[PDB]
Student: 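Sharing a structure with you now.
Side chains included, hydrogens not; waters and symmetry mates left out as well; all remaining heavy atoms used. Each chain gets a letter, A, B and so on, in the order its sequence line appears, and its residues count up from 1.
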Amino acid sequence: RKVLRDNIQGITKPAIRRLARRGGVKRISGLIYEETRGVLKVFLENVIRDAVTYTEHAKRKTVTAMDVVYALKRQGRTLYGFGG
Amino acid sequence: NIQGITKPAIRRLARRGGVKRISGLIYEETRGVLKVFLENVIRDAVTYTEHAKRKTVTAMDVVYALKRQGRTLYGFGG
Amino acid sequence: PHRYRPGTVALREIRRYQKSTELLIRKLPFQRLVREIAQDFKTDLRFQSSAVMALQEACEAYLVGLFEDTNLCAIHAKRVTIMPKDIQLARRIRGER
Amino acid sequence: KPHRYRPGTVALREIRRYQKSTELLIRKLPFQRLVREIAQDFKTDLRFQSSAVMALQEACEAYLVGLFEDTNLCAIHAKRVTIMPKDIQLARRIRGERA
Amino acid sequence: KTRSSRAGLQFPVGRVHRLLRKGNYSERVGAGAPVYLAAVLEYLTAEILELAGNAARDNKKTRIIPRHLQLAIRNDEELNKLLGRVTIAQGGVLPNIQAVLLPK
Amino acid sequence: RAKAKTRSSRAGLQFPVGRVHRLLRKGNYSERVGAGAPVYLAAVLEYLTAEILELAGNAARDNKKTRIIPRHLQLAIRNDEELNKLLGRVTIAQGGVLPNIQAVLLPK
Amino acid sequence: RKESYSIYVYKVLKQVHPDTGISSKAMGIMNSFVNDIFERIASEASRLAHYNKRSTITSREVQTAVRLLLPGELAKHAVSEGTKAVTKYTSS
Amino acid sequence: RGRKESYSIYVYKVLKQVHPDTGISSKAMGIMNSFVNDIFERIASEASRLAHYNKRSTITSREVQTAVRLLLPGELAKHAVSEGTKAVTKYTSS
DNA sequence: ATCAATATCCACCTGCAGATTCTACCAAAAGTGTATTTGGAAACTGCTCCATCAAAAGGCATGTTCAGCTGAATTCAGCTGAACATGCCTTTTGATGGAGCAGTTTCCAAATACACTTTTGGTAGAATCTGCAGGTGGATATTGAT
DNA sequence: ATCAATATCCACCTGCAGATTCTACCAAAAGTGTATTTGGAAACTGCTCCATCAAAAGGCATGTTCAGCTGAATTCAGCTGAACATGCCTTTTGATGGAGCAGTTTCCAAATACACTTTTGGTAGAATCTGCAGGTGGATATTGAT
């Protein structure tokens with residue numbers, strides 16, 4: 001049982017660079033990286049907040065793919081491929 | 001009839017949207033955008049009218065059409 | 001002969017119409033527009049007048065909001081003048097395009 | 001030579017490369033740690049089906065890619081080529097994420 | 001003597017129950033569900049009316065009108081988000097001029 | 001006792017009309033379900049399936065593959081105006097994006 | 001007869017602002033608001049019961065749905081009010 | 001056991017009709033199952049709302065048709081209406 | 001900003017009329033009582049798959065150096081859009097007819113519901129089939145010259 | 001200015017993880033028989049929406065002048081991309097303990113059903129009160145000139 005902290009810094013500068021590339025960006029200001037980590041943490045917090053609300057309502061201790069899919073759909077971000 | 005949406009009406013809308021200066025090309029462009037919007041909203045509204053087998057578009061038909069377009073409107077029945 | 005400088009009457013108009021809530025498109029030309037577009041689906045449909053009014057509130061709130069976004073796009077380009085290209089960016093990012 | 005590409009050439013190459021492919025671009029184990037850290041701050045001692053972590057990662061990467069496209073258009077609009085915080089903020093404000 | 005009075009509420013528990021029962025939501029409706037839903041609706045309504053009456057007294061009205069509802073909604077972060085996709089007719093917009101548009 | 005015909009074969013469908021009917025009936029959509037509602041619905045769902053699978057198969061052929069993958073489904077959805085509109089708020093897992101570089105970024 | 005929440009909105013208004021009134025258009029707004037939030041809560045609670053193979057919507061589904069739909073402190077106060085009203089209703 | 005229903009076999013059948021020499025990966029089949037479930041719920045819930053708006057207790061093919069017209073973007077709608085109508089009449093001719 | 005002149009904004013009234021409340025009636029809805037049935041919680045447990053740990057490799061993050069070229073700042077003018085006067089006309093306001101459209105009201109064939117019985121279509125898992133990942137390393141295209 | 005260096009393209013090849021086929025059990029469609037629900041055909045209204053029409057209120061179209069904004073051009077500091085070495089830590093493959101997901105069973109607290117019985121909210125005239133018209137003119141703000 002070990003303590004999870006600061007894992008937003010696992011979203012590295014190079015990985016962020018790749019995502020921007022896929023999004024078409026040719027040149028990236030130095031401040032973008034912390035900005036992107038902030039936006040991602042907020043997005044993922046919102047999604048996981050709702051997925052855990054579905055998990056708790058079902059009296060489970062295991063977040064399922066379906067809980068995540070329901071949270072994404074509630075928020076206007078429908079995801080295909082994870083209904084099995 | 002689209003031209004009845006006049007340059008000063010369009011200015012009034014831009015002013016309420018906080019716009020201070022306006023290019024001459026905006027009016028035509030605005031009239032295009034308005035037109036597309038209306039064609040969408042009325043289309044579906046008519047469809048509700050037709051499913052009910054009426055020929056009077058009601059306020060509620062418009063409310064439903066706006067709603068299924070993610071544009072909920074209050075004050076007319078929901 | 002007295003003249004306001006460019007922009008001063010424009011700021012005055014922003015204050016006025018942001019303080020107000022009245023409809024800014026005239027009723028009859030917009031009702032005419034609505035009936036033309038609608039006739040392009042089934043001619044001689046009746047409209048409850050509250051339905052025309054609902055359409056107008058929706059339309060003006062949509063154009064006003066769109067102008068607020070367009071305005072932010074113009075200012076982002078170090079401009080104070082909205083241009084068709086600003087409308088276009090706003091709508092592309094909104095997912096309308 | 002010693003051979004050196006001009007700034008921009010290798011980034012254009014990388015745009016073509018990553019727009020052709022579909023692999024996740026964020027390392028898997030760090031992203032999983034991130035997901036468990038966030039979720040544990042909301043209910044201690046959840047487990048995750050690994051399916052649920054991959055669904056979160058697909059959603060997150062597609063969101064960031066989409067936002068970066070919109071950010072790019074905002075930078076182009078101000079006649080720049082370099083994306084900056086104010087471009088992300090303009091994009092998210094117009095999306096209604098935080099208007 | 002009604003369920004509404006029994007639960008401490010102005011909003012109609014009986015009506016809310018009938019509306020769940022007939023809305024194609026589930027086969028069965030538990031007895032606490034409409035009490036709870038009516039309470040939530042009353043609470044949100046009170047929040048809105050609290051703020052809108054405040055906004056109507058700061059413009060020194062005594063009658064709440066749609067404009068006061070829009071001012072109440074948009075100046076309040078949580079309500080503005082909850083109603084982020086809602087058009088209030090005759091509500092107008094907040095007074096808001098971008099700083100770069102001002103003189104001097 | 002009469003020979004059994006599936007409702008799908010009767011309607012000339014590949015999609016399962018009877019399953020669609022039960023799912024309608026247990027979905028809390030309405031108190032009752034008309035006989036023709038699951039046939040129409042199953043028909044529309046099969047048609048949309050054929051359309052997507054047609055375009056994605058063409059995209060797999062173009063990429064010199066015989067197995068459809070999510071990337072082929074993405075290519076087909078996003079290169080088709082109506083499918084892209086209909087699925088405008090959907091993420092295709094492992095889908096990627098369409099190749100697109102803004103003109104102003106290319107070398108001058 | 002067409003029904004609405006007008007009298008109930010009016011009574012809540014006399015709770016929070018006894019001297020303030022409300023115009024007819026404003027009451028139409030409030031009515032649309034109540035209808036809106038009702039359908040959001042109910043339909044989310046319906047989905048919640050479906051996902052979990054239950055035929056019944058209980059206050060448990062309403063509460064979870066409130067937790068998914070309202071943003072933060074509104075959710076917390078709404079959960080408090082629903083729990084309070086249910087406890088005060090069961091007591092009789 | 002744990003029996004899990006799915007649209008996979010019907011998706012596969014349609015695949016063989018449109019491309020008889022083409023396969024499909026299980027992730028792509030998961031996309032197609034997701035798609036079917038999604039379009040299903042949009043149509044069924046719009047039809048539910050349509051019956052409810054007009055005070056009817058039954059969802060019929062008419063509600064399905066008008067739901068399809070509200071949900072599908074144009075030529076998709078037209079062809080979907082044709083296939084649904086065709087299948088219904090073919091069905092009712094027993 | 002100092003200042004006087006000019007134009008529009010706006011707190012301030014006061015009545016009156018148009019809304020917002022009193023008076024009052026009544027079906028439809030809500031509550032209450034009783035009789036029932038039943039969905040889901042509790043308990044109990046098999047066995048899927050989740051958490052964790054490790055090794056071994058080698059992919060990719062990190063940290064550095066440096067200069068190409070980008071963003072930022074500045075200057076300037078061509079020309080576009082704001083302000084305005086003017087005089088024309090479209091829309092507002094409002095009244096009038098009357099048609100035809102919603103919108104209830106029964107009556108009842110036609111449709112859907114639902115239990116029981118029989119008959120497959122659909123799933124799981126095992127067994128078989130086979131693209132293509134992923135390793136090749138030439139073939140061609142693009143780049144950036146010294 | 002062809003040339004060197006580099007990257008990408010594209011074709012090759014084969015085992016194996018993954019996909020397709022098959023097979024047998026069984027859940028759930030389908031048939032059958034009957035009970036229940038319903039939504040249209042005919043009928044009767046009576047709001048309510050359109051088609052007129054006109055007088056005068058505002059609001060719009062047009063043409064001119066010029067303030068000042070947008071866009072081009074130019075300069076330069078210094079950020080960010082490209083290229084390198086190093087070595088961490090992710091990926092992969094794998095084995096293992098066991099949490100808890102899920103599949104089943106019993107059986108009541110909590111649900112539906114049905115018959116009455118009161119109550120309430122909707123409704124709509126009539127009787128009694130804020131809010132717009134719209135007077136202002138008196139501040140408040142802007143402007144060209146110093």
Student: State plainly whether the residues D:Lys43 and A:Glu56 are in salt-bridge range, i.e. N to O under 4.0 Å.
Tutor: no
Student: Would you find a donor on one side and an acceptor on the other, under 3.5 Å apart, between the side chain of G:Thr90 and the backbone of G:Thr87?
Tutor: no
Student: Looking only at atom types and distance, does a side-chain atom of F:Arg89 sit under 3.5 Å from a main-chain N or O of A:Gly76, one as donor and one as acceptor?
Tutor: yes
Student: I'd like to know if D:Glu97 and D:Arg93 make a salt bridge, using a cut-off of under 4.0 Å between side-chain N and carboxylate O.
Tutor: no
Student: Quick one: does any side-chain atom of E:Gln70 pair with a main-chain N or O of E:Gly92 as donor and acceptor, under 3.5 Å?
Tutor: yes
Student: Look at the aromatic rings of A:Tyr70 and A:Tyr54 and report parallel, tilted or perpendicular, splitting at 30° and 60°.
Tutor: perpendicular
Student: Any donor and acceptor pair, going by atom type alone, linking the side chain of E:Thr45 with main-chain N or O of E:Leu41 inside 3.5 Å?
Tutor: yes
Student: G:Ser46 side chain to G:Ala42 main-chain N or O, any donor-acceptor pair under 3.5 Å?
Tutor: no
Student: Considering only residues two or more places apart or on different chains, which pairs with a residue in residues 19-35 of chain G satisfy side chain to side chain donor-acceptor pair (under 3.5 Å)?
Tutor: G:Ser6-G:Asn31
Student: Can you find a pair of side-chain heavy atoms, one from G:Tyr10 and one from E:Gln10, that are under 4.5 Å apart?
Tutor: no
Student: Checking E:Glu78 side chain against G:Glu73 main chain: does a donor-acceptor pair fall under 3.5 Å?
Tutor: yes
Student: Do the rings of E:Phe11 and G:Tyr5 sit parallel, tilted or perpendicular, given the 30° and 60° boundaries?
Tutor: parallel
Student: Does this structure show an ion pair linking C:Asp69 with C:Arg91, if we count only N-O contacts that are shorter than 4.0 Å?
Tutor: no
Student: Report yes or no: does E:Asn75 contribute a side-chain atom to a donor-acceptor pair with the main-chain N or O of E:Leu71 at less than 3.5 Å?
Tutor: yes
Student: Between C:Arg16 and C:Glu13, does at least one N-O distance fall below 4.0 Å, as a salt bridge requires?
Tutor: no
Student: Between B:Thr58 (side chain only) and B:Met60 (backbone N and O only), is there a donor and an acceptor less than 3.5 Å apart?
Tutor: yes
Student: Salt bridge check, A:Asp50 against G:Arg67: does any charged N sit closer than 4.0 Å to a carboxylate O?
Tutor: no
Student: I'd like to know if the side chain of C:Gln18 and the backbone of E:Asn96 have a donor-acceptor N/O pair within less than 3.5 Å.
Tutor: yes
Student: Quick one: are G:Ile22 and E:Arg63 in side-chain contact, heavy atoms under 4.5 Å?
Tutor: no
Student: Rounded at 0.5 Å granularity, tell me how far CZ in B:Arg71 sits from CG in B:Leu73.
Tutor: 9.5 Å
Student: Is G:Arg1 salt-bridged to G:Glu3, cutoff N-O under 4.0 Å?
Tutor: yes
